[PDB]
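Residues 119 to 212, 217 to 430, 718 to 798, 806 to 945, 1193 to 1292, 1301 to 1509, 1520 to 1613, 1622 to 1780 (the entry's author numbering) make up the sequence shown, in order. So the structure is just underneath, and the comments pick up after that.
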Amino acid sequence: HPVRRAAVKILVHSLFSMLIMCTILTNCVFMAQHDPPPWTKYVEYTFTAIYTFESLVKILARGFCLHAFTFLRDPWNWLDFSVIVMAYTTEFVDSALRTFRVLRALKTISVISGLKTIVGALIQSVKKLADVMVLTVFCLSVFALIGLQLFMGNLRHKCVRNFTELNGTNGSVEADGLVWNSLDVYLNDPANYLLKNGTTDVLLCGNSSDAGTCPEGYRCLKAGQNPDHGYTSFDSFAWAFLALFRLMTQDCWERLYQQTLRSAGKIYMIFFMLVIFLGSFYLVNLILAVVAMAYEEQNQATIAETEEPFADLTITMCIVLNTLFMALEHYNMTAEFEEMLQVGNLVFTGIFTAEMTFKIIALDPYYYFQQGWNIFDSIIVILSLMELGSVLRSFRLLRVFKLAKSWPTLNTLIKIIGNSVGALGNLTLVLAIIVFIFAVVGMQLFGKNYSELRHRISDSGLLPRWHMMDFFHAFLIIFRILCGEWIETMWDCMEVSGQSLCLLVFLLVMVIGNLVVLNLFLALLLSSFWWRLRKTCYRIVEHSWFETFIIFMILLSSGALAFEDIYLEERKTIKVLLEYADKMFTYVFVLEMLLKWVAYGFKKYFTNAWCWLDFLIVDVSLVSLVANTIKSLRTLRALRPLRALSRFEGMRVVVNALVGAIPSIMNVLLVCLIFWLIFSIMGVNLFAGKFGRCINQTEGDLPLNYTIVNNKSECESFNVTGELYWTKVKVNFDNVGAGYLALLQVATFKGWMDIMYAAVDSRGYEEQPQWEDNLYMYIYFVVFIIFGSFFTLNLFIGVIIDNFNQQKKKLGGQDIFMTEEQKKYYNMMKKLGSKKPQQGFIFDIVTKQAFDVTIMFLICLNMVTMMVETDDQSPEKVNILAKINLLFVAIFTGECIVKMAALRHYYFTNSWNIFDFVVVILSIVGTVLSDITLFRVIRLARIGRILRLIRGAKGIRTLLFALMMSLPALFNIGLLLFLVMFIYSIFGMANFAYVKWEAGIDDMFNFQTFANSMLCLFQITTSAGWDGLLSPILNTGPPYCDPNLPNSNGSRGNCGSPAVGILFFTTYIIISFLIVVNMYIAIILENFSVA
Ligand SMILES: CCCCCCCC/C=C/CCCCCCCC(=O)O[C@H](COC(=O)CCCCCCCCCCCCCCC)COP(=O)(O)OCCN
Ligand SMILES: CCCCCCCC/C=C/CCCCCCCC(=O)O[C@H](COC(=O)CCCCCCCCCCCCCCC)COP(=O)(O)OCCN
Ligand SMILES: CC(C)CCC[C@@H](C)[C@H]1CC[C@H]2[C@@H]3CC=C4C[C@@H](OC(=O)CCC(=O)O)CC[C@]4(C)[C@H]3CC[C@]12C
Ligand SMILES: CC(C)CCC[C@@H](C)[C@H]1CC[C@H]2[C@@H]3CC=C4C[C@@H](OC(=O)CCC(=O)O)CC[C@]4(C)[C@H]3CC[C@]12C
Ligand SMILES: CC(C)CCC[C@@H](C)[C@H]1CC[C@H]2[C@@H]3CC=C4C[C@@H](OC(=O)CCC(=O)O)CC[C@]4(C)[C@H]3CC[C@]12C
Ligand SMILES: CC(C)CCC[C@@H](C)[C@H]1CC[C@H]2[C@@H]3CC=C4C[C@@H](OC(=O)CCC(=O)O)CC[C@]4(C)[C@H]3CC[C@]12C
Ligand SMILES: CC(C)CCC[C@@H](C)[C@H]1CC[C@H]2[C@@H]3CC=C4C[C@@H](OC(=O)CCC(=O)O)CC[C@]4(C)[C@H]3CC[C@]12C
Ligand SMILES: CC(C)CCC[C@@H](C)[C@H]1CC[C@H]2[C@@H]3CC=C4C[C@@H](OC(=O)CCC(=O)O)CC[C@]4(C)[C@H]3CC[C@]12C
Ligand SMILES: COc1ccccc1OC[C@H](O)CN1CCN(CC(=O)Nc2c(C)cccc2C)CC1
Ligand SMILES: *[C@@H]1O[C@H](CO)[C@@H](O)[C@H](O)[C@H]1NC(C)=O
Ligand SMILES: *[C@@H]1O[C@H](CO)[C@@H](O)[C@H](O)[C@H]1NC(C)=O
């Protein structure tokens, strides 16, 4: 027919596809509006017609029925079919159903081949991630059972008032001179709880020695509701699964850490690291490795298919001077300094214009515009000239990128950014489509709920900071979820709207968006990347007993440092013991240094770096001793543990690897500093002096209304009473150094809440912040996070991994983070890993795979039975569960004994047999003990039965074997990390003790004692809540802290030191990043690939 020919001709024509794409984009723009005006209703038909028209065409050319090369045969045409039928259903007859219209956005993926291919590759990646997903579910369930057993109902502890019975009249309580109907109704009343200081949270409390303490007049009691609206708790197994999924993603995990330790006890912190350093880091890095290998296979398949005048120095110096001159800007500039800045900028732009004109005269426009850099310079100079005749100046900053001409690593960053929207732009487009789809889905589903039930989730009188009422805020929430903060807003979402639907939407966006982001990250990363005396001295130094003695002295001296608590002044004998011990260590180490000098001579001793370190430490000790016979030099004694680096080979080899990587690390650090200089200068221009708040101290610590107080001038003018304080946010953009600090907090994603809240309220220059005017400053931070964090971390990781690959290649292909003995044990483990394979009625029955499958089903059923445990369960439920446990123990005993009925070969045939034997023996031990927190441990011992699942699983077994193979390298890395934690905790004890308790620093997670400092350092090893700890350090003087305070040891107030605090926290954050992220990822990926 001719109709078929016409339909085919219109179908194949590119104009038709372009029309479909344009209408899809227009519909996407219309779906952004939260409140569609009535007239747009008419426009709806247009789309419904167009979507019909095109569909009709596809129906005419192809065949509706099923057959080769037909309409419904193509999977994506199902999208057209569903969209058209849904549109007709919604419009023809009678709504939340309209949210399904968002699926029309996916038509974009249909109208471009590149997006189809990208989605296909993503689907194969998801398919390959199946084993890791199963392992993650299994580990999360196991740790969730462990946490449920350990902390069942712990989070419901609260410091309630100490009630008194009214002479047992009717079981009533007369607390605080008020009678309540019953004890149960009294306890559930939140008017008698105790709020945590400076927070709107009920103080969790415990009765264990380590757990938190109830202030005088209060007592710990379990009655109440779980914290943060009751969505965090270990009471039910499913709640524990949610909490440990939160832990695994390290999402606001410091809050759960602090709550659990406050309620149960500090010792339980152990549990947390066993879930973080082996449950969170390990699982995420395993996912990283699996995705990377899948992408590598995809790239290999694609590759196989494809197969078959000296003035430049002057200009660069001028650019460097100009960028530095722009960096000479800050808050409260003097008039003369501002004039000097203006004159300098004017002369710089003048000279740049003159150079551009001269070198465009030398080569005419045809020649001049022949270079990309030349057109870039022309655009920059034109923009600067237009601005000369406000962020309009920031364009000039981009000139610094010219330094990429001969800077290879800045060129690598430029290549990364180019590939982001170049070769790999299709995947970026897919990510953008996903983000838009999820933003509109969330807004359409939750806009009315957020609007009409705002008071539920709005602590302030106005609307909440994060919501889905408007499209921009929905996109902001989706972006925040992508950045990793997916639960803090989820609690509000579930509180204001449906729990089930919000759970589903947020979990889906988390999983899918993080998958896409990780695919983009890995794709970019792979795409872009006397004589007798001397003899005696040598003999005495050479004895191994001498080395052991020196090691013992090093460790014991470090321990002696570990006692410098605030409580020494109370402990007298220990103080004098420590003084004598310190003198002894100084003397013995000096004696050892002299012996080494004599035995080996000055040249050999001073030609060894570690000898230099030991000599420096001893020199500091001697300087301190002679000064005593400098107070700022005493605290440098906290570097004593560094003597342990040279002795133990594990830390020595790890330090060798890190030193080898130092040059590349420094190159990338310089590139990152130059790149972040642009964003810090822009932030200084946008937000210099606009971060101040005229707070009223008496009425809390919240910014005043902009109507009553408008700016600093009015804040000082209304000073009849000394209540108003014009204070600036701790971390801000008043300078470029403060710019780097705030940018670091935004990039690491800790403490960015306050920075963005202060930015998106910046009303003017030192003017009082309005609630949320100047809103679109949000974009600023978003942009930064796209470049300053995503691409910057990509460069970090790529360069460091490339450096480690070069180091491995140089070292004969062997490992980098292992010793000789560890290498031999690793070889033995590898050999053991791939070992080759080696009454009649029962022998024939048990050996059958059906028996193993039945045992597997039985153990799965037992796991399900343990999932049912819950706090405050009725006694009959307890009895039934105990009986079921006894039955399961009996069944396992029966199966093990019938297996034993075979010859003794099974007694040693495999290691899993002995594991089964020992777990059964423990099971009977626990059951017999039941006839007699020890009970909690006995119950927790039952989790060993679940591990029997490992036998059947293949992917689980391989991944766990990879972890076991990686264990020694991780042991070395963790040893070095623990040494660094020890040193930094001693520094904190020396400095940060006595600081005012605010934000992260509370009565339990202080820096006062070694225990508390170690807890804080452990939590901020993952960079979690380091802004919280840093905040109390920064504040100096009123109204925050009170200097001139009678402190125990150092009576110079309770204020922190901003300079040393910032240095301490930034250096520790960077060191911990390096080690735990880069090295741990390197080990995980290497041992997974080899495994
Ligand atoms: C081949 C061998 C290579 C490995 C050895 C090289 C690495 C060793 C490290 C050198 C960096 C140490 C620099 C010392 C900084 C101390 C400055 C200082 O004394 O001030 C103090 C600074 O304290 C701080 O918080 C800064 C924290 C800096 C930590 C440096 C220690 C890092 C230890 C880990 C080494 C690196 C990782 C392991 C080795 C790769 C404050 O006291 P105050 O000012 O006197 O207070 C006044 C009233 N109390
Ligand atoms: C996860 C991270 C990925 C890797 C990071 C890549 C490198 C990006 C780095 C950024 C370094 C951070 C620099 C922070 C500078 C802090 C400046 C600041 O706080 O404000 C200034 C005052 O405070 C001070 O910092 C003065 C003391 C100087 C501290 C020096 C900090 C050294 C930087 C840490 C080391 C950098 C990393 C290198 C590691 C080997 C001025 O502002 P103000 O409003 O006038 O207040 C006056 C009160 N004194
Ligand atoms: C009886 C009252 C208290 C209401 C009942 C609420 C529970 C039935 C809900 C509350 C929150 C829900 C949890 C919220 C979060 C998760 C995380 C989610 O994690 C994953 O999806 C992991 C995916 C992966 O491993 O990649 C699995 C469902 C789960 C446990 C949900 C299971 C059901 C829970 C516990
Ligand atoms: C009356 C009050 C407000 C005076 C306080 C002003 C200072 C806080 C300003 C004046 C000089 C400024 C500095 C001028 C020059 C630089 C160079 C600039 O150099 C870099 O580019 C470092 C990073 C790199 O090497 O790329 C970093 C910011 C800094 C230290 C500036 C930080 C803020 C400073 C110290
Ligand atoms: C009190 C009422 C209002 C709420 C009761 C909670 C239920 C509605 C919870 C119980 C288990 C929850 C489900 C548990 C797990 C998921 C997995 C989640 O999907 C993933 O986690 C992605 C997995 C992957 O693709 O790898 C989507 C939400 C969903 C279906 C949850 C939806 C909500 C459910 C059904
Ligand atoms: C109203 C009062 C009595 C509250 C009682 C609630 C409990 C009886 C609930 C809370 C947690 C629930 C469990 C949460 C999660 C699962 C996982 C679920 O896992 C599966 O085996 C199905 C998915 C799969 O493995 O393919 C089986 C049901 C079970 C044990 C649920 C059974 C019912 C439990 C124990
Ligand atoms: C009507 C009156 C008596 C109200 C009280 C009823 C309770 C005694 C019920 C409510 C929930 C029930 C539980 C719900 C779910 C399970 C899972 C079920 O799972 C299995 O373990 C199956 C395998 C097996 O046990 O053989 C075992 C019974 C048990 C614990 C039930 C035991 C009896 C419970 C505690
Ligand atoms: C108010 C008082 C009574 C509180 C006492 C609480 C302590 C019992 C807690 C707080 C600090 C905790 C420790 C902090 C740091 C570590 C390091 C961690 O790393 C290692 O030490 C492994 C290598 C080694 O064996 O040294 C092991 C757990 C441990 C000892 C923690 C165990 C429990 C501790 C000692
Ligand atoms: C990298 O993320 C993750 C890694 C591991 C487990 C979970 C993760 O969260 C998922 C997603 O990556 C969200 N990220 C965004 C950026 N990230 C910054 C960062 O790496 N901080 C950091 C530092 C400075 C030192 C040590 C360890 C870490 C994680 C924070 C979290
Ligand atoms: C407060 O409660 C505690 C709980 O044991 C009790 O010992 C005490 O007598 C009560 N009264 C106070 C602290 O004044
Ligand atoms: C006070 O602040 C709120 C939000 O910060 C704002 O909506 C209101 O207009 C301000 N003025 C008042 C309450 O008089």
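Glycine is no exception: its CB is placed at the ideal position from the N, C-alpha and C atoms.
Residue from the options whose Cα sits closest to the Cα of residue i
i	options	result
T258	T166, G242, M370, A1679	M370
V816	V1342, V756, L1752, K1267	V1342
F888	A167, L1446, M255	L1446
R220	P154, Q915, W1194	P154
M149	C727, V307, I1457, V224	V224
residue 69	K1495, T1535, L244, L129	Summary: the structure shown does not reach residue 69, with the chain confined to residues 119 through 1780, and so no result is reported for it.
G1408	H739, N292, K229	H739
Spatial distance of residue i from residue j (CA atoms)
i	j	result
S358	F1209	57 Å
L737	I1237	52 Å
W1442	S1655	51 Å
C336	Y1451	45 Å
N276	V1204	56 Å
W157	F1694	59 Å
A1290	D1245	15 Å
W1423	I1773	30 Å
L1503	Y1497	10 Å
Sheet register partners of residue i (DSSP bridge)
i	result
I1366	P1374, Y1396
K280	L343
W302	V295
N1382	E1438
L317	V324
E1242	Looking at the DSSP assignment, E1242 forms no beta bridge with any residue, so it has no partner.
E287	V295
Limits of the unbroken alpha helix (DSSP H) element including residue i
i	result
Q271	252-272
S1592	1592-1611
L1567	1556-1581
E904	904-912
residue 216	No coordinates exist for residue 216 in the structure shown, because the numbering of the chain passes directly from 212 to 217.
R377	375-385
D350	Looking at the DSSP string, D350 is not in any alpha helix (DSSP H), and its letter there is neither H nor E.
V1684	Run containing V1684: none; DSSP gives neither H nor E here.
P156	156-179
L405	403-429
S1335	1320-1358
Check: residue i C-beta below 7 Å from any heavy atom of ligand 3
i	result
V1765	no
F260	no
heavy atom of ligand 8 below 7 Å from residue i C-beta
i	result
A1225	no
beta-carbon residue i near ligand 7 non-hydrogen atom, thresh 7 Å
i	result
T1546	yes
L1542	yes
Cβ-heavy atom distance, residue i to ligand 9, below 7 Å
i	result
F1538	no
Residue i Cβ short of 7 Å to ligand 10 heavy atom set
i	result
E1557	no
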